[PDB]
$ cat structure.pdb   # PDB, C-alpha atoms and all ligand atoms
ATOM      1  CA  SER A   1      98.288 171.949 -57.120  1.00  0.00           C
ATOM      2  CA  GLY A   2      96.615 173.728 -54.228  1.00  0.00           C
ATOM      3  CA  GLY A   3      92.923 173.251 -54.839  1.00  0.00           C
ATOM      4  CA  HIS A   4      91.483 175.170 -51.932  1.00  0.00           C
ATOM      5  CA  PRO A   5      94.618 177.325 -51.231  1.00  0.00           C
ATOM      6  CA  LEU A   6      94.321 179.457 -54.392  1.00  0.00           C
ATOM      7  CA  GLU A   7      97.178 181.538 -52.970  1.00  0.00           C
ATOM      8  CA  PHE A   8      99.534 178.820 -54.260  1.00  0.00           C
ATOM      9  CA  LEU A   9      98.085 179.281 -57.745  1.00  0.00           C
ATOM     10  CA  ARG A  10      98.350 183.031 -57.320  1.00  0.00           C
ATOM     11  CA  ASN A  11     102.109 182.726 -57.479  1.00  0.00           C
ATOM     12  CA  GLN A  12     101.924 181.151 -60.910  1.00  0.00           C
ATOM     13  CA  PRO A  13     102.569 183.419 -63.950  1.00  0.00           C
ATOM     14  CA  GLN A  14      99.430 181.984 -65.557  1.00  0.00           C
ATOM     15  CA  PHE A  15      97.409 183.466 -62.713  1.00  0.00           C
ATOM     16  CA  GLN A  16      99.346 186.758 -62.846  1.00  0.00           C
ATOM     17  CA  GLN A  17      98.035 187.097 -66.396  1.00  0.00           C
ATOM     18  CA  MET A  18      94.481 186.960 -65.063  1.00  0.00           C
ATOM     19  CA  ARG A  19      95.063 189.162 -62.012  1.00  0.00           C
ATOM     20  CA  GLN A  20      96.665 192.003 -63.981  1.00  0.00           C
ATOM     21  CA  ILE A  21      93.820 192.154 -66.488  1.00  0.00           C
ATOM     22  CA  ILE A  22      91.097 191.762 -63.818  1.00  0.00           C
ATOM     23  CA  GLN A  23      92.234 194.958 -62.146  1.00  0.00           C
ATOM     24  CA  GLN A  24      91.418 196.702 -65.395  1.00  0.00           C
ATOM     25  CA  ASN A  25      88.591 194.405 -66.513  1.00  0.00           C
ATOM     26  CA  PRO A  26      86.668 192.553 -63.759  1.00  0.00           C
ATOM     27  CA  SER A  27      84.026 191.561 -66.329  1.00  0.00           C
ATOM     28  CA  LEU A  28      86.731 189.494 -68.024  1.00  0.00           C
ATOM     29  CA  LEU A  29      86.545 186.905 -65.240  1.00  0.00           C
ATOM     30  CA  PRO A  30      84.453 184.401 -67.330  1.00  0.00           C
ATOM     31  CA  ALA A  31      86.663 185.215 -70.309  1.00  0.00           C
ATOM     32  CA  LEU A  32      90.018 184.614 -68.608  1.00  0.00           C
ATOM     33  CA  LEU A  33      88.625 181.372 -67.219  1.00  0.00           C
ATOM     34  CA  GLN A  34      88.411 180.139 -70.809  1.00  0.00           C
ATOM     35  CA  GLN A  35      92.158 180.705 -71.108  1.00  0.00           C
ATOM     36  CA  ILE A  36      92.621 178.490 -68.114  1.00  0.00           C
ATOM     37  CA  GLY A  37      90.300 175.841 -69.457  1.00  0.00           C
ATOM     38  CA  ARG A  38      92.126 175.849 -72.781  1.00  0.00           C
ATOM     39  CA  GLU A  39      95.524 174.940 -71.308  1.00  0.00           C
ATOM     40  CA  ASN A  40      94.250 173.421 -68.145  1.00  0.00           C
ATOM     41  CA  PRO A  41      90.766 171.886 -68.387  1.00  0.00           C
ATOM     42  CA  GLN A  42      91.422 170.074 -65.122  1.00  0.00           C
ATOM     43  CA  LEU A  43      92.601 173.140 -63.210  1.00  0.00           C
ATOM     44  CA  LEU A  44      89.661 175.030 -64.689  1.00  0.00           C
ATOM     45  CA  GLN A  45      87.137 172.601 -63.204  1.00  0.00           C
ATOM     46  CA  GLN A  46      88.758 173.016 -59.804  1.00  0.00           C
ATOM     47  CA  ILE A  47      88.682 176.791 -60.183  1.00  0.00           C
ATOM     48  CA  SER A  48      85.001 176.508 -61.061  1.00  0.00           C
ATOM     49  CA  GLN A  49      84.638 175.020 -57.602  1.00  0.00           C
ATOM     50  CA  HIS A  50      86.653 177.752 -55.938  1.00  0.00           C
ATOM     51  CA  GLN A  51      85.657 180.779 -58.041  1.00  0.00           C
ATOM     52  CA  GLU A  52      84.908 182.915 -54.997  1.00  0.00           C
ATOM     53  CA  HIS A  53      88.522 182.829 -53.776  1.00  0.00           C
ATOM     54  CA  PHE A  54      89.711 183.179 -57.352  1.00  0.00           C
ATOM     55  CA  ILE A  55      87.797 186.373 -58.149  1.00  0.00           C
ATOM     56  CA  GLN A  56      88.614 187.927 -54.783  1.00  0.00           C
ATOM     57  CA  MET A  57      92.373 187.529 -55.179  1.00  0.00           C
ATOM     58  CA  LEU A  58      92.166 188.393 -58.879  1.00  0.00           C
ATOM     59  CA  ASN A  59      90.761 191.724 -57.787  1.00  0.00           C
ATOM     60  CA  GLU A  60      93.557 192.518 -55.332  1.00  0.00           C
ATOM     61  CA  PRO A  61      96.456 194.798 -56.475  1.00  0.00           C
ATOM     62  CA  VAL A  62      99.472 193.071 -58.016  1.00  0.00           C
ATOM     63  CA  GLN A  63     103.157 193.974 -58.305  1.00  0.00           C
ATOM     64  CA  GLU A  64     103.654 193.147 -61.981  1.00  0.00           C
ATOM     65  CA  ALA A  65     101.147 195.323 -63.812  1.00  0.00           C
ATOM     66  CA  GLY A  66     101.763 193.368 -66.980  1.00  0.00           C
ATOM     67  CA  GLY A  67     103.721 194.302 -70.069  1.00  0.00           C
ATOM     68  CA  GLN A  68     100.922 193.381 -72.474  1.00  0.00           C
ATOM     69  CA  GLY A  69      98.565 195.605 -70.528  1.00  0.00           C
ATOM     70  CA  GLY A  70      95.231 193.979 -71.215  1.00  0.00           C
ATOM     71  CA  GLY A  71      93.122 196.893 -70.125  1.00  0.00           C
ATOM     72  CA  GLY A  72      92.710 199.100 -73.150  1.00  0.00           C
TER
HETATM   73 AG    AG B 101      88.705 179.210 -47.984  1.00  0.00          AG
END
$ encode --input "structure.pdb" --output "C-alpha cells"
Amino acid sequence: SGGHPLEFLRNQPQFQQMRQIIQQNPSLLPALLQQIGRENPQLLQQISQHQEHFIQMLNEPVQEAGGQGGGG
C-alpha cells in the first residue's frame, strides 16, 4: 500500500516476478506493467505515477532468480 515507497511493494512476490524478468529483459517493463494492471488496475495507475522508482528497483539484482526463468 506504499504509493511512493515502492520498496514496500518490492517485498511482494508479485513484484519479484517483475524484478527477476527485468534483469533479463528490461524492455519488458511496459509488458510486465500489463500484468500488474490485469490483477491490480488500481496499483497499476499508482505505479504509472511512480514508474521511475519502479524501473530503477526492477533493474537491481534480486535474491530469488525465479524458477520460471523468464529470460529465454
Ligand atoms: Ag522518491
$ atom_distance --input "structure.pdb" --atom1 "atom CA of residue 46 of chain A" --atom2 "atom CA of residue 24 of chain A"
24.5 Å
$ residues_around --input "structure.pdb" --residues "residue 1 of chain A" --least-positions-apart "5" --cutoff "12 Å" --atoms "all atoms listed in the file" --output "ChimeraX atom specification"
/A:6-12,40,42-44,46-47
$ write_last_selection --input "structure.pdb" --atoms "C-alpha atoms" --output "compact mmCIF listing (two decimals), in the coordinates of the input"
# COMPACT_ATOMS: atom_id res chain seq x y z
CA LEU A 6 94.32 179.46 -54.39
CA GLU A 7 97.18 181.54 -52.97
CA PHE A 8 99.53 178.82 -54.26
CA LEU A 9 98.08 179.28 -57.74
CA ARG A 10 98.35 183.03 -57.32
CA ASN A 11 102.11 182.73 -57.48
CA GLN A 12 101.92 181.15 -60.91
CA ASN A 40 94.25 173.42 -68.14
CA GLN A 42 91.42 170.07 -65.12
CA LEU A 43 92.60 173.14 -63.21
CA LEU A 44 89.66 175.03 -64.69
CA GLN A 46 88.76 173.02 -59.80
CA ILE A 47 88.68 176.79 -60.18
$ atom_distance --input "structure.pdb" --atom1 "atom CA of residue 72 of chain A" --atom2 "atom CA of residue 37 of chain A"
23.7 Å
$ closest_residue --input "structure.pdb" --among "A:62, A:17, A:49, A:32" --to "ligand AG 101 (chain B)" --atoms "only C-alpha atoms and all ligand atoms"
A:49
$ closest_residue --input "structure.pdb" --among "A:4, A:69, A:26, A:51" --to "ligand AG 101 (chain B)" --atoms "only C-alpha atoms and all ligand atoms"
A:4
